[PDB]
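Colleague: 3D model of this:
(chains A, B, C, D, E, F, G, H, I, J and K)
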Amino acid sequence: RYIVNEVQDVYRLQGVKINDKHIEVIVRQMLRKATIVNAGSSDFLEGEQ
Amino acid sequence: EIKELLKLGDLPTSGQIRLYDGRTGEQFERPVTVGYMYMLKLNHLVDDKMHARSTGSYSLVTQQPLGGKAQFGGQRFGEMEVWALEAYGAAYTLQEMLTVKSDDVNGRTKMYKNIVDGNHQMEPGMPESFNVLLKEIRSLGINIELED
Amino acid sequence: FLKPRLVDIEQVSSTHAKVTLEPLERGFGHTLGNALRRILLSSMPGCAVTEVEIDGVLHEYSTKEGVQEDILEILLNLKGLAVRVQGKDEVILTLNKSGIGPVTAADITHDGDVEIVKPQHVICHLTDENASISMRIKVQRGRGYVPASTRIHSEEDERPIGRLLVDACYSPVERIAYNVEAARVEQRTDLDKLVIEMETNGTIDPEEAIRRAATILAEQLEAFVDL
Amino acid sequence: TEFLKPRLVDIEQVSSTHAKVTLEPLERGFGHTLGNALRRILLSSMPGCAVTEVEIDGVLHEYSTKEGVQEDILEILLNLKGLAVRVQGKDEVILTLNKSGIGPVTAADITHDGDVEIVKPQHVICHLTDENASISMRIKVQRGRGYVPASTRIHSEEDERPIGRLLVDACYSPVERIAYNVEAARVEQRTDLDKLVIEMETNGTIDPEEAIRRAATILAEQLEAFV
Amino acid sequence: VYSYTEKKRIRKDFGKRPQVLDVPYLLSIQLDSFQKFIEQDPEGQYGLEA
Amino acid sequence: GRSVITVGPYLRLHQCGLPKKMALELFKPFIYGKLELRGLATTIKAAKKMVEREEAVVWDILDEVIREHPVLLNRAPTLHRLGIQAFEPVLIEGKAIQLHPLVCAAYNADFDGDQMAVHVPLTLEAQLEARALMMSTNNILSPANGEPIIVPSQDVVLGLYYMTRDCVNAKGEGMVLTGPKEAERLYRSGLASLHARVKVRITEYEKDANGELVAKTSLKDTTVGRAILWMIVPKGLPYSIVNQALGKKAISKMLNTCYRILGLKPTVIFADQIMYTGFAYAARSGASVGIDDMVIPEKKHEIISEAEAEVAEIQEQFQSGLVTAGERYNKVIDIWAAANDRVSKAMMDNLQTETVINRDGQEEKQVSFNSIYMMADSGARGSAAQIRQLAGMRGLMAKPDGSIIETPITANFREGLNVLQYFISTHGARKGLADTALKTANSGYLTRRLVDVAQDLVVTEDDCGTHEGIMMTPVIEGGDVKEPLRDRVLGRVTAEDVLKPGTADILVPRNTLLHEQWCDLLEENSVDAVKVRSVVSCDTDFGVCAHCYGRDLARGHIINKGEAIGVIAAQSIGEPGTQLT
Amino acid sequence: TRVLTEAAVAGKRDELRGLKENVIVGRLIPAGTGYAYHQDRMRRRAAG
Amino acid sequence: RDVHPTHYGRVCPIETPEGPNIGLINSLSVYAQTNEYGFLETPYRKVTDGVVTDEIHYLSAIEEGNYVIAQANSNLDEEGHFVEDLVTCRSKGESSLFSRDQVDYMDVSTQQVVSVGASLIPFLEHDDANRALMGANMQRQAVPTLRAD
Amino acid sequence: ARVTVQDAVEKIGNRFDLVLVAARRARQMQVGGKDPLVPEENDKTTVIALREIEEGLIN
Amino acid sequence: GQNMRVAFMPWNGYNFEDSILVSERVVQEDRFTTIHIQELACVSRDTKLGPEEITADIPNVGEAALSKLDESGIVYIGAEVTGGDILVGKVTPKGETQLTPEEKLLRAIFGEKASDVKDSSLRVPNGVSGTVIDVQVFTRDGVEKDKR
Amino acid sequence: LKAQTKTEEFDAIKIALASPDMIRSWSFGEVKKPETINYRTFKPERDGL
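Modeller: Residues are numbered from 1 along each chain as shown, chains lettered A, B, ... in the order given. There you are, the coordinates:
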């Protein structure tokens, strides 16, 4: 919510209004990796979808 | 200096004379800056780049594009323009653009000889590119499977 | 209502004149003003060079021993010939010239139908002592702007390969502009007048000019009347 | 010279609102010399009538109201500018409007004189409340040409010394709006042609068909001294 | 001041600075190097000789 | 194939204009099939010879296969989805693609050299998407918010300012009017000025009911301009919006409410007709330039002269020892900038109301008829701030070192300013040019990596299962709201039941199709916290569900299931990416 | 090459689902009408 | 690619065509003469502590940026000498203020500073030079007309 | 000519399978099948199918 | 370029900055016409079979293709060469690889060059509509060509 | 509902590892003579590529 507030800030100097869902699609892909922390099935440090 | 010259006899010191519109004969508001100026045309005569080509002859060995800058010209469809097509809600022209419209050398032949006869609908077929990758992995030991 | 009519045509010259219309009612100075202006500005029966066969021509882009410009530029001058015919559909104007002097529009074979209005119109020059030129300017009559480029696709089967095809610019007119002013008749409250300043190089008489144009409007209204 | 005869004329009539007249062919400057032609003729000179002069009785003030009518007196008058009438044998004719009772005073409550041709008796002159209300007005249709102002052409009545004349801008125009579309047209094997598609709307006086007819005849009249 | 051709067409010169050095050949640098290049040179003129 | 675009005014909004012969070369295939279908051709070889002879036969057939061909006008370099749209080719005599002006706003282009390619739909598949989801008249919305594709941003809208213009000098100002139709016919003859204030009896529709636009009686007072305007307004559009000062974005939201309240079609017809009338008045308003139309303020030269001897005073206060050399520079900078803003305080009042004319009384003050004023009102192309630095002192620029000039340009571009100071201004030129040049290239490459990471994101499910989302709030920083609530929520799906200034009374249930009406609620209540769900919290595996995205699309309804969103977003962030240096 | 082997080494049988995948091969991506086939193919794959 | 007043008299950062070869041109002057080896000499008039002598000299880029030279914008009158007692001069390539008893040079003519494409444009001082950059390209592409008025 | 086919979009909301319907329909009006009921007017069969959707008689 | 009448006045559509509003006048009077000459040429003889001829004619063609090519295999200079008319007749030794079963024995008894040779001329590149002007040709050093 | 048991559209591809037997399933000949030409007659060597 800060990232969208910060990048949009850049767009404030640009006077742009974006439907935030998009800025976040980019953000969601950047967080596709979920480092499986707790020991379980896959591993103890296995990063997965 | 300019003005000194224009008062010698009796001349339009103000090259901003009032114009009579030849469309009928009315006068425009606020006389305008009109007169002689200098133009400079370049060598960009479009007849050096306007050598219309969209459908002609392609390559023999593979799907190689033969054309330069002047004669035999054509829009360069690249992987980035591919993403443009992958960027719009129009998925049907996308299908065409990377199958029958721009991929299969047999795809367009097998379809052009039917559009000249008239039939509004097409069918894919088999992309020869796949036929390369396909057999290649066969040498290693991989199986293609299409059931039901 | 007093019928629309033109008073004595203000004639300052044979080439250019200005028609004057007195009995014009509310808005006709502009009605006919443009209804004639446009037609007068484009479609008019004129005479222009179509095909010419010069003797010393390997190719139209050649430098004939004795002329300042191209053979085609000789044809460039021929493009705007001020020739006036009386009835022929097409006519051949032979141009022969040998001797030190500017090949003017007087050394041409002066035919009875060929009436050049400006005799001193120099086409090209023949400055060499023992040199010569000889051609036949086949000029015909048409209307508008018709180029030999849009006509070059056919070749017309040419055995005498000296028949170069050149641009037929059929526009006798050049300056058509109308003005208006208060016209006063003896019986009426207010009338408009029209002064069409038309310019012709010397092929069509000013009256015959406004005659043809008005006539074509009549025929272009033929079909327009049926509902 | 070459000659092309008019072909294919699409009479797209809607019988009331308007008519789109397509026509072929129109060479270089013909969809122009003819399109512009009709525009000016339709907005400058054309026999048409409409109410011009009107006298209630004495109280003629542009922002006052008469007890009985809920609208302003001046607005009643513009409803009169809309009234489509057409006299053809008389210049200015005076009528009388007498109506008293519950309901809107339609144009069907006037004294119908021979010259007066109310094509739309439906057009309500002024709404009348539920009472007796003796509204009366000397409606007076005048004949004219296209659209002449009634702001400058103010007659000599109760206008000089006093103030009791509210003569409105009578719509002498059987037209309402003019438009046209010019796209590429052809002749079997000719170059470029323009397609004359003139769109004309009428007010409700004359049927567009004969309107186009009346107009064409008048242009030929302008060429009676020419062709 | 005026030569054979200046008899027909003259350009209205108008300089604000009374000059002492007048305009030379426009393409100096180019054409005279060609002269140095392809010619008889008894010493070593920058060109075929250098 | 490839081609240039042009004017071609008469072409309706749903149809473009292709040049005769170029059209032939590209639609040949269909001509052959159509020929042996109607019963005119023998074989394909015979048909080739038909086109080979310019047969009058194929000309009629040409009419049949082009006059109604949903084609794809695609521009290859587009870094945005809505850059690829559809039109309807018409047999036009020309050498370029005549395009409808009211679409150029979307393409961000004009009429002077824009290269575009025309793609031929070989199958009905492409054809059907063409006029359905690609047509201009069928997708007047943007995937960023409620941005209407069709909007006058040219002198065509400036032409409308001549329409809804209001000066006291107008013949007819005083009379009353009962019919908008005769109002237009009052100008078709040109009698009563289009600037005449007349009492107009208007009928206004506003659909507050369930399938019924409740109307009402209203007496207003407007110029003949707006009178004429009203004649083609679809019922769904309330009179309130059209009664204003008229500006670029103002007339923009004109059609936006018109669409978000009524529908698509009424907007189509609307746009077209205005276009024609708009151009008419734009002609009547020929904005002239060249030496002759620029002006110089009587206060400009005096305030400069003040700040002239004033800096001469600071020069002396340096020779005296009251200010440091460095503080001398910055101080001078301040006062010349002070003079600069005073130059503004001059040329603006001057150029906004100095024009006075008498009518129905004494000389009343009317908005300056000066073209610069009309430009600074509606606007077309070009900032009135650089225009400000054309009639006024340019101010300061960048020095050959990097800082800011300590010796300001006190001259104006109405006259020819000095060599040396403009030579320092030459350094400014350098700057600008270069920058634009390279950044565009690296920016497209930025969007490259953007799509490289988001192409796997396609809507593949219907419903996910998360009750989570993000907190969308009007992030008010400093003074008044900067980034509003409406334009962050418009087009999405409510994350959860949002409340009103009152509790236990939901203004937007969790499951809602968020559009204009619901956003109007977000604007009339005291609501400050509106949680809207997004893809970042989407529970859907390997994609997003329709119920998590919303209705945002070429259409304003249910998002297609299989509608790629990640890709159109990379494009939709890299779009402003080109706008970044 | 690297990513090729990165999947081959274990045998991650990716059914050729997606955009770019169906781009290189030249077939229907699971979008719009393509997904129509894919939902019918969803019930069709790994079942019987 | 930066511009510096040390180009005033031989190189034209102004003239540099648009397209493939942009930014890396900086044209040679008309009054420019390539030295015997690699340098280039710039024509400047020797002003000896008061009298501007008509003797033209040839300086290098080192010596130009070493001596006090006047621009082409130096008002002379009646005799050709400075009417003023102060003038803008480049000491090392910086336009500053100098006394008349210190100035050693002055630019010969208003043209002894630019090239064919620079000198060709009238009133360059008034229009921007970046438009001359783009203009530079357009010059080498002038179209052949038949009858040149 | 058509300016807005939003009506077709509403009769059949698929906007994809919709194209497959007219697909097989264009096939009938070409390769045997059946003749086009509505007397055509210059409009190719693709547009004819468009019109049949707006009427909603063949889907 | 050229100097002429220029006025400054917006018409909303026909002159947005770079857009120039020009009047018929120019193009109609050749007061600004440019001339363009292009050049083409044909590579020479020598084949694994034998020498080559510059056609010296033009076999099995229509009427048009004959009225322009003479006994030298060249098109009449000053003729109408537009679109894709034939310019230079180029002969090419067919070859062993191309021969046919039903044709043999003729060129084994009858003669020599009565069949082995074919026609692979060169034509006008799409985009040219002018007139062939200059023609310079050269023949077989040591062992002279035909009549050329 | 129930789908079609006939070929209507392509399907998903499985990429893992295959056995050498699986490979031989498509072998329809054993190339013997390596030389691709007959040297004399410009013709394709039999029992070759």
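Colleague: Could you check which residue of the stretch 1-150 of chain F lies nearest chain D?
Modeller: residue F:93 (3.6 Å; C-beta to the nearest C-beta). All C-beta spots, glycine's among them, are computed from the backbone N, C-alpha and C.
Colleague: Phi, psi for residue H:68 please.
Modeller: Note on residue H:68: its backbone torsions stand at phi -90, psi 110 [degrees, to the nearest 10].
Colleague: same deal with the one 4 residues further on?
Modeller: Dihedral angles phi and psi of residue H:72 (degrees, to the nearest 10) take the values phi -90, psi -10.
Colleague: So it is in contact with residue E:17, correct?
Modeller: Yes: contact status for residue H:72 versus residue E:17: in contact at 7.3 Å, counting by C-beta atoms under 8 Å.
Colleague: hey, what's in contact with both of the two?
Modeller: Both residue H:72 and residue E:17 are in contact with H:109-110, where contact means C-beta atoms under 8 Å, 6 or more residues apart in numbering or on different chains.
Colleague: rewinding a little: tally of neighbours for the residue of the stretch 1-150 of chain F closest to chain D?
Modeller: Neighbourhood size, residue F:93 [other C-beta atoms under 10 Å in any protein chain shown]: 17.
Colleague: Could you report the separation of it from chain J?
Modeller: 16 Å (C-beta to the nearest C-beta, to the nearest Å).
Colleague: the strands in the chain, which residues?
Modeller: No chain in the question, so chain A it is. A:34-35, A:47-48 (DSSP state E).
Colleague: could you do chain H instead?
Modeller: Under DSSP E, chain H gives strands at H:11-12, H:27-28, H:33-34, H:40-48, H:51-59, H:69-70, H:76-77, H:81-82, H:86-90, H:95-99, H:105-107.
Colleague: quick one, helices of chain J?
Modeller: Along chain J, the segments classed as helices by DSSP state H run J:25-29, J:64-67, J:106-109.
Colleague: Report the contact partners of the closest residue to residue J:54 other than its chain neighbours.
Modeller: Nearest residue to residue J:54, sequence neighbours excluded (C-beta to C-beta, 6 or more residues apart in numbering or on different chains): residue J:73, at 3.9 Å. Residue J:73 sits next to J:53-58, J:88-90, J:148 when contact means C-beta under 8 Å, 6+ apart.
Colleague: Tell me if the longest helix along chain H is near chain F.
Modeller: Longest helix in chain H by number of residues (criterion: DSSP H): helix H:130-139. Yes: under the criterion of C-beta under 8 Å from any C-beta of the partner chain, helix H:130-139 makes contact with chain F via H:130, H:133.
Colleague: how about the nearest residue to residue 11, chain neighbours excluded?
Modeller: Just going to use chain A. residue F:576 (6.1 Å).
Colleague: not what I meant, chain G
Modeller: residue K:16 (3.2 Å).
Colleague: okay but the one you found is in contact with residue G:15, surely?
Modeller: No: between residue K:16 and residue G:15 there is no contact under C-beta under 8 Å: 11.7 Å.
Colleague: so residue C:50 sits right up against residue C:165, yeah?
Modeller: Yes: if you go by C-beta under 8 Å, residue C:50 and residue C:165 touch, sitting 7.4 Å apart.
Colleague: Neighbour count for the two, which is higher?
Modeller: Counted by other C-beta under 10 Å, residue C:50 and residue C:165 do not tie: residue C:165 has more neighbours, with 23 against 20.
Colleague: Would you list the phi and psi of that one?
Modeller: According to degrees, to the nearest 10, residue C:165 has phi -90, psi 120.
Colleague: Quick one: residues contacting it.
Modeller: Residues in contact with residue C:165, defined by C-beta under 8 Å, 6+ apart, are C:50-51, C:148, C:151-152, C:156, J:80.
Colleague: again, only using 6 Å
Modeller: C:51, C:148, C:152 (C-beta atoms under 6 Å, 6 or more residues apart in numbering or on different chains).
Colleague: after the helix or strand where the first one lies, next one along is what?
Modeller: In the assignment (DSSP states H and E), residue C:51 maps to strand C:45-54. Under the assignment DSSP H and E, the closest C-terminal helix or strand after strand C:45-54 is helix C:72-78.
Colleague: Now the helix or strand following that following helix: buried residues?
Modeller: Per DSSP H and E, the first helix or strand lying C-terminal to helix C:72-78 is strand C:90-97. Under the neighbour-count criterion of 16 or more other C-beta atoms under 10 Å in any protein chain shown, strand C:90-97 has C:91-93, C:95, C:97 buried.
Colleague: Spatially nearest residue to residue 18, not counting backbone neighbours?
Modeller: Went with chain A since none was named. Counting by C-beta to C-beta, 6+ apart, residue A:18 lies nearest to residue F:144, which is 5.5 Å off, once chain neighbours are set aside.
Colleague: Oops, wrong one, chain I.
Modeller: Nearest one to residue I:18, counting by C-beta to C-beta, 6+ apart, is residue I:12 at 4.4 Å.
Colleague: What's the local residue count around the one you found?
Modeller: 16.
Colleague: for residue B:69, same thing?
Modeller: Residue B:69 has 9 neighbours, counted by other C-beta under 10 Å.
Colleague: Phi first, then psi, for it.
Modeller: phi -110, psi -40.
Colleague: which residues sit in contact with it?
Modeller: If you count contacts by C-beta under 6 Å, 6+ apart, residue B:69 has none.
Colleague: any idea how far chain D is from it?
Modeller: 31 Å.
Colleague: same check, this time on residue F:303
Modeller: Residue F:303 is 48 Å from chain D, by C-beta to the nearest C-beta.
Colleague: Also residue J:144?
Modeller: Taken as C-beta to the nearest C-beta, the span from residue J:144 to chain D is 50 Å.
Colleague: Over to residue G:29?
Modeller: From residue G:29 to chain D the distance is 41 Å (C-beta to the nearest C-beta).
Colleague: Give me the nearest residue to that residue, chain neighbours excluded.
Modeller: residue G:22 (4.2 Å).
Colleague: before we move on, what SS does that neighbour have?
Modeller: helix (DSSP: H, G, I helix; E, B strand; the rest coil).
Colleague: Run a quick neighbour tally on it.
Modeller: Look at residue G:22: counted by other C-beta under 10 Å, it has 21 neighbours.
Colleague: Also residue C:25?
Modeller: 20.
Colleague: Which residue ranges of the chain form helices?
Modeller: All of this is about chain A. A:3-10, A:21-29.
Colleague: if you could check chain E rather than the one you did, that'd help
Modeller: Under DSSP H, chain E gives helices at E:28-37.
Colleague: Kindly report the residues of it close to chain A.
Modeller: Among all residues of chain E, none is adjacent to chain A (criterion: C-beta under 6 Å from any C-beta of the partner chain).
Colleague: Can you list the residue ranges for strands in chain B?
Modeller: Using DSSP E, strands in chain B cover B:34-39.
Colleague: Can you pull up the most central residue in it?
Modeller: The residue lying closest to the centre of chain B (C-alpha atoms, centre = their mean) is residue B:75, at 5.2 Å.
Colleague: Lovely, talk soon.
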